[PDB]
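Going line by line, the protein sequences match chains A, B, C, D and E.
Heads up, the first sequence is in the entry's author numbering, so the first residue is 51 and it goes up one at a time.
Heads up, the second sequence is in the entry's author numbering, so the first residue is 4 and it goes up one at a time.
Heads up, the third sequence is in the entry's author numbering, so the first residue is 28 and it goes up one at a time.
Heads up, the fourth sequence is in the entry's author numbering, so the first residue is 150 and it goes up one at a time.
Heads up, the fifth sequence is in the entry's author numbering, so the first residue is 298 and it goes up one at a time.
From the three backbone atoms N, C-alpha and C, an ideal C-beta is built for every residue, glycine too.
To start, the structure under review is shown below, and the notes come after it.
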Amino acid sequence: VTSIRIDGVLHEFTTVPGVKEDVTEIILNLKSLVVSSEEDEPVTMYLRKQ
Amino acid sequence: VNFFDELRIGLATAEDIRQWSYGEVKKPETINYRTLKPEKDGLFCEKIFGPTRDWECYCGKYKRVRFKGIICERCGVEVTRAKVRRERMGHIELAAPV
Amino acid sequence: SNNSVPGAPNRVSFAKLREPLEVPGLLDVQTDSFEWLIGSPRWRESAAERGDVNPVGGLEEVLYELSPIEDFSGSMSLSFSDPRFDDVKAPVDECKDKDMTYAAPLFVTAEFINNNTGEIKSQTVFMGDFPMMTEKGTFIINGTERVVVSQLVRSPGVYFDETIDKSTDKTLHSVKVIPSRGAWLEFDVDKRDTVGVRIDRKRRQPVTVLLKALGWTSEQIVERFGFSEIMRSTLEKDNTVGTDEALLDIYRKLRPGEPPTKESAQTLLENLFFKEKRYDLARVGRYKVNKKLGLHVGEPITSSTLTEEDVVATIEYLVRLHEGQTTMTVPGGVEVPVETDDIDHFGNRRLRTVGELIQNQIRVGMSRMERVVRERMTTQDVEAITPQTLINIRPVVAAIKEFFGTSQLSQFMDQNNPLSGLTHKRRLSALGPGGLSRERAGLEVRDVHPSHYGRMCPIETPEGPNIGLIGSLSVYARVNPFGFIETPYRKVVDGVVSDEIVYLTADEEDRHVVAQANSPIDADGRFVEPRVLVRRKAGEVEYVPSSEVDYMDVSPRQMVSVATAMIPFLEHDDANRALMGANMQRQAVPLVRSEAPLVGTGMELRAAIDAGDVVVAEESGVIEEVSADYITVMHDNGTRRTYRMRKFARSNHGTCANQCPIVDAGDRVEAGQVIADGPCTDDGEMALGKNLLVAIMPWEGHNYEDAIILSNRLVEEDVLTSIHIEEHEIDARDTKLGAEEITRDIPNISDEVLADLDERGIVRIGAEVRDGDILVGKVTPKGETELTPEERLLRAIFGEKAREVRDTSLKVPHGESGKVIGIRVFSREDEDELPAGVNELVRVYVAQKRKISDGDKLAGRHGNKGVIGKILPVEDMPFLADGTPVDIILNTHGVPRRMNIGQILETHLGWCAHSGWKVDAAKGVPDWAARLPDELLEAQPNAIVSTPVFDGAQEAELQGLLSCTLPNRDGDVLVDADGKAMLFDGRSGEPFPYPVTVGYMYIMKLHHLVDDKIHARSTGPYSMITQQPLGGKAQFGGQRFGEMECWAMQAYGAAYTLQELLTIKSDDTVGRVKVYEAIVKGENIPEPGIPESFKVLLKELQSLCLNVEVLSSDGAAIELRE
Amino acid sequence: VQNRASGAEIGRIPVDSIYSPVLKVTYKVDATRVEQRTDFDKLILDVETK
Amino acid sequence: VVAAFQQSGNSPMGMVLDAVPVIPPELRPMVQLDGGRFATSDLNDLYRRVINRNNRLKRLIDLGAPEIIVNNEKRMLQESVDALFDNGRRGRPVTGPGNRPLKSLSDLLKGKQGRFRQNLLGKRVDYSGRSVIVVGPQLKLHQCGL
Ligand SMILES: [Zn+2]
């Protein structure tokens, strides 16, 4: 990963309602994600839950 | 710095002091309370020491850099750099020798 | 087991079972003092439990002392009593946010009495807003958290100094009676064996003068001093006998030039020496004098000044001591020892806490108010006066407002981490108002006195010039009501140890015998060895049979501060390095995600839970809704509570104060259990740094002389990244030419610069900034002409505006960067309180996530500081046989010199903790496992352990542990019996010829970061007064060129360089522009001009009428006009 | 921070990246050193990835 | 003294003044703060004190004043100028509110805070920088990192 966008937020140093962990820990956890790709262009993925 | 191979000190006479200064000071007040500007013939008078703002006079006739070294007629100030306010001096004519 | 805090992680510990009592409330020093000041009912019931009687608070004390108020006539009388407080105005959080103090109103019922009329009038009076200490012991003033530190002051009383004559070599004894307030009065003895008295630092006249001024006769004086002939020889040289003679002589001596009278000298002497109006000791003074002279031990404290019996007793004491008497009993008293009084003995140094300081300020304020009321009492008529017109609360409020705002004992709280605040609250300072200055202090008032054991920690102290003056209170010390410092002790009757705990002061510890706590004891409660080690008076320590030991200490850690109690293996380190080790935990930096240390000392749990920065559940219940902003818990009875948690709030030193929950929904919790850890805390334990795999070996010169090599893994996994938040403040005031206004239309600035602002004129939240970028747009009118009030009022009626502006916006200072996270806007028209003269005030917060790099400073716990030298790639670091590269490489030439050998021990233990151990129990427990508690026989991998100071892990136990460690996942043991391992060089490939020491170590990150030190300047702003470049870093300034560099440059024979560094770079107003143009165009650098300093000197000289001119070489005159 | 210079929308949060998949690598050498022309080294290389 | 006076060449008239010079304004700044209080140098106070009495004497000479009062005012003017050149040289020094000893002209040179020392030894220069040092062992003896 190289960049993320979160709806309803503007910068990292803050939180979002309804989540036990603020944005900093979300980034910290997402860092150790393991993803394999072969396209030579910046590809995009989505993640939503309720 | 140049060639000041000597530097001599000496007593200054009244004629020398009258030669140095660029006008006498007659008003004891320092600066106008409300106008926030110095008063003429006062301790910060622009006629003696010089212009508070670069290339201007009190009335503002010659406000432009085009002129240099000339003195306005209505207010009688010399249009040069504001730096000269760090150089020119006044003097006081005593009425009884001290 | 031993843990008292519910739910805390288990931490197996090496110890001998010790539990007479647990560590007291660590903040009672700052709390109970104020509680006594306001007289809260909790203090009252605590005093009733303690056994004392007549509960009176500080305010009640000062008010009863002040009452009553009368004029000279005595016709009218006034009095105050019964002060009361109310509920606070607002909670703490909005007090921080709205920049309003935390105060509560103060009321007093006041009554005025007139005797002639016989009438009284009583009503309630408001007397200002008294500041109130929060739950954590820190006052709040104007939105900043301030703390008041205790003070150490010489106790009022009588001191018996001894001196030895230079020639006659006789033992003279002088006395001094230092009062709380009044005039000095003391007795002197000279080599002539004459006894004299000095009053108010006057000359010497015999004490016979005082004895006769008392009205006594010669026969009575003979009878009182019939055992001493020195007193008789002194009275022989008397001038005259007669009470009037003594009175008149004293009156003439004290006040020359004044009329003599029979009836006058008596009045003024009584006023000066026995009247509460002018001369007065304190409660402590009377207590000390009663203790010393042993008169009326059971007498309750009624008076607070001298008595004739006191002077007679001290005269007898002096004369007995001068002739070497041993034991003395004043008639009607009890037998007390006779000895000189040590100046710095801790039985004579008194700790005035916050309560006494605030009371002193209150007394001064009400003294001023009483002066005012006495002046205005006579002026106005009797029948048309009410107390409302008599009392002006101005001086009292002014005093209590000024003391907090200016006095050198109201300091900003240090909020680097919880430990910093906790240690700052308990500090004892010997400086400050009313005390000795920095230059008054000598070498006698700095070194440790033997009576500090258990009261003031002897290891913790600033290493700068304030060394010795500033100390820290010990762990178990508590303060007695008078101001002395008590310590606990155990009661030992006859070789039997009881669990009763008795608190003792300095003198009682002096008069008894005490033993160490680590002396072996039997489980039944008896000593084993006949001869035990015992400390006695004057610091002597010796062996003594067990049949007479009075008291035994409580715990081995009785003498250490809180800060030094968190250093493992403290007894293995030198005192000098332990000081630096204790003075660096107060400088750590909270990281993004913290980790608990592998080897702690158990004190950190209590330290964190009493620091107050971790939210602790008040009443038991279960968790209903848990969210990152708040936690909701329902009590047992059904009531609900919601705790809010501060997120990304600025601390005082720029770090971040963040809190996160640890509990989850549906989790039963018990009252007192931590639920939301603050900063520098993991699972409710004080965590300040990380656990790094370290190796001890020199390495190709990158860690020469206290450097440290780090692996790039730390930068990768952000193991050591922190967060720093700066604040910027702008404010628009009302000028006399109009009014400044926050606007988006800056004069003649291209829109690309003004892209990131909104319509209001404030940077949008979340836009990254850089130096030289506009944060808040502001415009100030240009001084073309003063606006007449007529036109200004005409345009203000219709609310008009004109176009006369110049830009004075706010830009990011040279060096800063980051992202804007919060904007606070205050306006006067929105009913918000502001300082006078301003309208809008804007605070913008910029946050930046720093990393680790070169120049940053690291440190272990044992004072082995260092700087980062190189951050190697991950594959360059030496790796173990398994293949895990080490995280950091130390140097070994620095251990034996400093003698901080303790770290080595810790390192070994760290590995034993990391991989876990399993001691073999076959054929019973080994010899070295005999004393080891069974909790530590087996341990899982990375299981934490403890090691209390002056106790805990022994060398044999550690050696045994190192040989019984578990293999890794591949059935291999990486380290050997000695503790070393076989590394592989990763840069070349060949294994190292010899094994190397490797282990785990707890490493912090000090707050001396490089990015706030690096700084450069080629040409920027110049000062407008001196024509020299500005100073500091935020002003884009240049570097000072001190005179020592001038000498060093003259030494080389360098001339052109010195002249250039002094002329065209600094203050040649014409030369600098010329040199810039020449450089940017490529021509030769022109010759230097002449500095402005010289022209200033010439003008100053000519203004004194001294014709100074500069001649040429031949003699022709020159002028420097242009 | 090598990705923040793009000057994209205010919502994008730059995030670090660890492109390397390899987790741990080590080796051993078995030396046949009996004094003859029969001296050789056998290299055993152990690799683990993500 | 007398041989020096004769040989050097100097009119002793320098010992008596009839025209007291006035230092430029920039060396006696008068700065208005945002708090409404005018940071005022003491030199302005001394100059004002002299000029008041000089003008009063000028007014009293042409009104035919009696001898005693003009003598008193001449004495006062002399004392005022003496305070101007060097405060505290005689008797009770002139002091402002708060018992502050005023800074005279001679206090611009005399003392450690004078011009001859304080501003002449020590300067702030351009083209400079500052940073933390760190040991680097791959350099030759005449190189430094930057
Ligand atoms: Zn003009």
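Indicate whether at least one CB of chain C lies closer than 8 Å to the CB of B:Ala-99. As a position in the second sequence, residue 99 of chain B is number 96, starting the count at 1. No, its Cβ sits nowhere closer than 8 Å to a Cβ of chain C.
In chain order, what residues of the segment 19–40 of chain B put their CB closer than 8 Å to some CB of chain E? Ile-20, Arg-21, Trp-23, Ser-24, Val-28, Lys-29, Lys-30, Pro-31, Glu-32, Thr-33, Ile-34, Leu-39
Examine the Cβ distances between the segment 813–832 of chain C and the segment 779–799 of chain C and report whether three or more of them are shorter than 8 Å. no
Tell me whether C:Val-1100 sits in a helix, a strand or coil according to DSSP, three-state version. Translated into positions along the third sequence, residue 1100 of chain C becomes position 1073. Here C:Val-1100 sits in helix by DSSP.
Heavy atom of ligand 1 less than 7 Å from the Cβ of E:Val-328, yes or no? As a working mapping, residue 328 of chain E is identified with position 31 in the fifth sequence. No; taking the cut-off as 7 Å, the Cβ of E:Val-328 has no heavy atom of ligand 1 nearer than that.
Step through the CB atoms of chain E and report whether any lies within less than 8 Å of the CB of B:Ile-95. As a first step, residue 95 of chain B must be located in the second sequence, where it is residue number 92. Chain E, which has a Cβ nearer than 8 Å to the Cβ of B:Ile-95, makes this yes.
Test item, CB below 7 Å from any non-hydrogen atom of ligand 1: B:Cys-60, B:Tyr-61, B:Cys-62, B:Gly-63, B:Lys-64, B:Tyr-65, B:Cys-75, B:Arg-77, B:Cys-78, B:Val-80
Leaving out five residues before and five after C:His-680 in sequence, what residues of the same chain have Cβ atoms less than 8 Å from its Cβ? Within the third sequence, the letter at position 653 stands for residue 680 of chain C. So the list reads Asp-441, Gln-442, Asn-443, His-1034, once near-sequence residues are dropped.
Anyone know if the C-beta pair for C:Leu-133 and C:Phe-112 falls short of 8 Å? To locate residue 133 of chain C, count along the third sequence from 1; it is residue 106. To locate residue 112 of chain C, count along the third sequence from 1; it is residue 85. Yes.
Specify whether the segment 158–169 of chain C and the segment 878–890 of chain C touch according to this definition: at least 3 beta carbon pairs, one from each stretch, less than 8 Å apart. no
Residue closest to E:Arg-387, alpha-carbon to alpha-carbon, out of E:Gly-333, E:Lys-355, E:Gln-375: As a first step, residue 387 of chain E is located in the fifth sequence; it is residue number 90 there, counting from the start. Closest by alpha carbon: E:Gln-375.
With 8 Å as the threshold, decide whether the Cβ of D:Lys-177 is near any Cβ in chain A. Here residue 177 of chain D corresponds to residue number 28 of the fourth sequence, with the count starting at 1. No, because no Cβ of chain A sits closer than 8 Å to the Cβ of D:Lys-177.
Put C:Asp-961 into one of helix, strand or coil per three-state DSSP. Taking the first residue of the third sequence as 1, we reach residue 961 of chain C at position 934. DSSP places C:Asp-961 in helix when its eight states are reduced to three.
Does A:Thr-65 have its Cβ less than 8 Å from a Cβ in chain C? Here residue 65 of chain A is taken as the residue at index 15 of the first sequence, counted from 1. Taking Cβ atoms only, chain C reaches closer than 8 Å to A:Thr-65, which makes this a yes.
Report back the beta-carbon spacing between C:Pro-583 and C:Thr-628 to the nearest angstrom; my notes put them in contact at under 8 Å. Taking the first residue of the third sequence as position 1, residue 583 of chain C is located at position 556. Taking the first residue of the third sequence as position 1, residue 628 of chain C is located at position 601. 12 Å between Cβ atoms; not a contact.
Beta strand (DSSP E) containing E:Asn-384: first to last residue? The residue given as residue 384 of chain E occupies position 87 in the fifth sequence. Premise fails: E:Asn-384 is in no beta strand (DSSP E) and is neither H nor E.
Three-state secondary structure assigned by DSSP to C:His-349: As a working mapping, residue 349 of chain C is identified with position 322 in the third sequence. Correct three-state label for C:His-349: helix.
Once you ignore the five residues that flank C:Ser-1093 on each side, which residues in its own chain have a CB closer than 7 Å to its CB? Position 1066 of the third sequence, counted from the start, is the residue given in the question as residue 1093 of chain C. Cβ within range, chain order: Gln-1055.
Just the Cα atoms here: how many angstroms apart are C:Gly-284 and E:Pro-398? Position 257 of the third sequence, counting from 1, holds the residue named residue 284 of chain C. Position 101 of the fifth sequence, counting from 1, holds the residue named residue 398 of chain E. Each residue's alpha carbon lies about 32 Å from the other.
Are C:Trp-938 and C:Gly-1026 closer than 8 Å when you measure CB to CB? Stepping through the third sequence from its first residue, residue 938 of chain C is reached at position 911. Stepping through the third sequence from its first residue, residue 1026 of chain C is reached at position 999. In contact: C:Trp-938 and C:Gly-1026 (Cβ atoms closer than 8 Å).
Whole angstroms is fine: what's the gap from B:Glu-90's alpha carbon to E:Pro-322's? Within the second sequence, the letter at position 87 stands for residue 90 of chain B. Within the fifth sequence, the letter at position 25 stands for residue 322 of chain E. Their Cα atoms are separated by approximately 9 Å.
Within chain C, the residues that D:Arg-153 reaches when beta carbons sit closer than 8 Å: The residue given as residue 153 of chain D occupies position 4 in the fourth sequence. Under the 8 Å cutoff, chain C gives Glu-795.
What residue does the beta strand (DSSP E) around C:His-200 start on, and which one ends it? Position 173 of the third sequence, counted from the first residue, corresponds to residue 200 of chain C. Taken as a continuous stretch (DSSP letters only), the beta strand (DSSP E) holding C:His-200 covers 198–205.
How far does the beta strand (DSSP E) with C:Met-661 in it extend, from its first residue to its last? Against the third sequence, residue 661 of chain C aligns to sequence position 634. Start and end: 657–661.
Considering only DSSP beta bridges, list what D:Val-178 is partnered with. For this step, residue 178 of chain D is matched to residue 29 along the fourth sequence. Note: D:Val-178 sits in a beta bridge opposite D:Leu-192.
Which two residues bound the contiguous beta strand (DSSP E) that contains C:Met-103? Stepping through the third sequence from its first residue, residue 103 of chain C is reached at position 76. Counting along the chain, the beta strand (DSSP E) containing C:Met-103 begins and ends at 103–112.
So C:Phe-187 is in the alpha helix (DSSP H); what residue range does that whole segment cover? The count along the third sequence starts at 1 and reaches residue 187 of chain C at position 160. Where C:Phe-187 is concerned, there is no enclosing alpha helix (DSSP H), although the beta strand (DSSP E) it sits in stretches over 184–191.
What number of angstroms, rounded off, separates the C-alpha of C:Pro-47 from the C-alpha of C:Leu-53? Indexing the third sequence from 1 puts residue 47 of chain C at position 20. Indexing the third sequence from 1 puts residue 53 of chain C at position 26. Cα-Cα distance, rounded: 17 Å.
Is it right to say C:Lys-1040 is buried, meaning 16 or more other beta carbons lie within 10 angstroms of its own, or is it exposed? On the third sequence, position 1013 is the one that residue 1040 of chain C refers to. The residue in question, C:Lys-1040, is exposed, as its Cβ has fewer than 16 Cβ neighbours within 10 Å.
CB C:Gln-700 to CB E:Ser-425, shorter than 8 Å? In the third sequence, the residue the question calls residue 700 of chain C occupies position 673. In the fifth sequence, the residue the question calls residue 425 of chain E occupies position 128. Not in contact: C:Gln-700 and E:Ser-425 (Cβ atoms no closer than 8 Å).
Integer Cβ distance of C:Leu-446 from C:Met-713, believed to fall under 8 Å: Locating residue 446 of chain C in the third sequence gives position 419, where the first residue counts as 1. Locating residue 713 of chain C in the third sequence gives position 686, where the first residue counts as 1. 6 Å between Cβ atoms; contact.
Give me the chain E residues within the contact set of B:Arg-11, using Cβ-Cβ distance strictly less than 8 Å, ordered along the chain. Position 8 of the second sequence holds residue 11 of chain B. What B:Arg-11 touches in chain E: nothing, since even the nearest Cβ is about 10 Å away.
Name, going along the chain, the residues of the segment 76–100 of chain A whose beta-carbon falls closer than 9 Å to a beta-carbon of chain D. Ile-77, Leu-80, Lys-81, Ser-82, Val-84, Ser-86
Is there contact between the segment 221–237 of chain C and the segment 255–265 of chain C, where contact requires at least three CB pairs shorter than 8 Å? yes
Assuming C:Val-913 and C:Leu-741 make a contact with CB atoms under 8 Å, what is their CB distance in whole Å? Indexing the third sequence from 1 puts residue 913 of chain C at position 886. Indexing the third sequence from 1 puts residue 741 of chain C at position 714. The pair is not a contact, with the Cβ atoms about 12 Å apart (cut-off 8 Å).
Could you please give me the residues that DSSP links to E:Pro-322 through a beta bridge? Counting from 1 along the fifth sequence, the entry for residue 322 of chain E is found at position 25. According to DSSP, which records beta bridges pairwise, E:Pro-322 is partnered with nothing at all.
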